[PDB]
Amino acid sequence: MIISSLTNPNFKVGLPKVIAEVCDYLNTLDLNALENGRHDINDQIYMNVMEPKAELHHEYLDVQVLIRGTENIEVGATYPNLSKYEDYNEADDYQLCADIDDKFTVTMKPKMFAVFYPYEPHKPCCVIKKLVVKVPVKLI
């Protein structure tokens, strides 16, 4: 997983070019003015902007970007025990499970971003605006 800030001079270090090309372009947008909903980007990457169990993916990574508020995401980094997982919904790429093993809590502040690769589980629940960029693993 990767957790950094759009605001930090060097956030680009170590990133996969594609997630990098895109944090460049978010830095272009007036993130605050973005309309909640799904915004397309290229032909493969889209965006969902949102304003108010754990989840994981097979096909896409998430780049999460808090834009306003403060948010605690639950996150695991050990590969999940799949056998305990609800099943996969081939339509929205996901499986759910009540729990995360080896769990820790990342608190996001405006600027923070978080990339969870497929199977890295997470759980935006709690304690706002943000967006979540869908990037197909293949592109990395």
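Sequential numbering from 1, following the sequence displayed.
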Problem - Extent of unmodelled deposited sequence, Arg38 relative to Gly37 - result: none
Problem - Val127 to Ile128: deposited residues without atomic coordinates - result: 4 to 9
Fill in the blank from the handout: The stretch carrying the higher mean Cα B factor in the deposited entry, 110 to 118 or 86 to 94, is 86 to 94
Exercise for the section: Return the residue from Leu56, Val49, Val63, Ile67 that has the highest Cα B-factor in the entry. Expected result: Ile67
Practice task
Within this chain's modelled residues, let me know which third the CA B factor of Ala77 belongs to: lowest, middle or highest.
Solution key: middle
Completion exercise
Here the Cα B-factor of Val133, set against its chain, lands in the third termed lowest
Exercise for the section: Pull the Cα B-factor of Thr7 out of the PDB entry and bin it into the chain's lowest, middle or highest third. Expected result: middle
Handout entry: Record-listed C-alpha B factor of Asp30: chain third
Key = lowest
Practice task
Pull the Cα B-factor of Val18 out of the PDB entry and bin it into the chain's lowest, middle or highest third.
Solution key: middle
